[PDB]
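Before any questions on binding or motion, here is one chain by itself as structure tokens, the form deposited without the partner chain.
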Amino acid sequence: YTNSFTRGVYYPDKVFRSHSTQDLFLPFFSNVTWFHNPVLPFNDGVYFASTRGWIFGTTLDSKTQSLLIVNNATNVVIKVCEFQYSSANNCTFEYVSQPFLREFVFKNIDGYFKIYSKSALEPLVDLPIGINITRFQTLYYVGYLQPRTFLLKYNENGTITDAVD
């Protein structure tokens, strides 16, 4: 399906308190794809929302490394192995912490994989994964990020309140 929205604003990849930013953002009234589990492309970033995990990668095979996020009832596990998953070998990063309307933004820039969750999506965590990511699958609404300039109104305690395309 298709839908429109007004949201998708996160803190502009920088952790300053306070503005105009030329970053990867989600257009306000844009086409978002209402779904009811295909392998969607990653492009440069995705907006995810739903009312329990993700698998990222390029080929999603043992030829290349792939990112894997799973949420238990008590714990979240992030691993990047060469998943087949029928097989899992040659992996260098494992992250373990508390589990993650629930809306997420994923971007993979400069070898870092950044996550924002909840508008004003607070930064959840960024990960030094250091792999290429092109296509993805959900283990919901899916949008795609666009490199456009934004104006962000901070509200005397950070907390980006309003935004302007």
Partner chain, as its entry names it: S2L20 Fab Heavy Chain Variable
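Positions refer to the first chain, counted from 1.
Note that the form deposited with the partner chain bound isn't included here; everything after this is about it.
Proximity to the partner chain in the deposited bound form, taken as a non-hydrogen atom within 4.5 angstroms, holds for one residue of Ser119, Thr138, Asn43, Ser50, which is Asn43. Although the partner is absent here, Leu152 sits far enough away that none of its heavy atoms falls within 4.5 Å of the partner chain in the deposited bound form. In the deposited bound form, none of the heavy atoms of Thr21 sits within 4.5 Å of a heavy atom of the partner chain. The partner chain is not shown here, and in the deposited bound form it never comes within 4.5 Å of any heavy atom of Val9.
In the deposited bound form, the partner chain lies within 4.5 Å of some heavy atom of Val39. The partner is not shown here, but in the deposited bound form the stretch 1-17 reaches within 4.5 angstroms of the partner chain through a heavy atom at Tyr1 alone.
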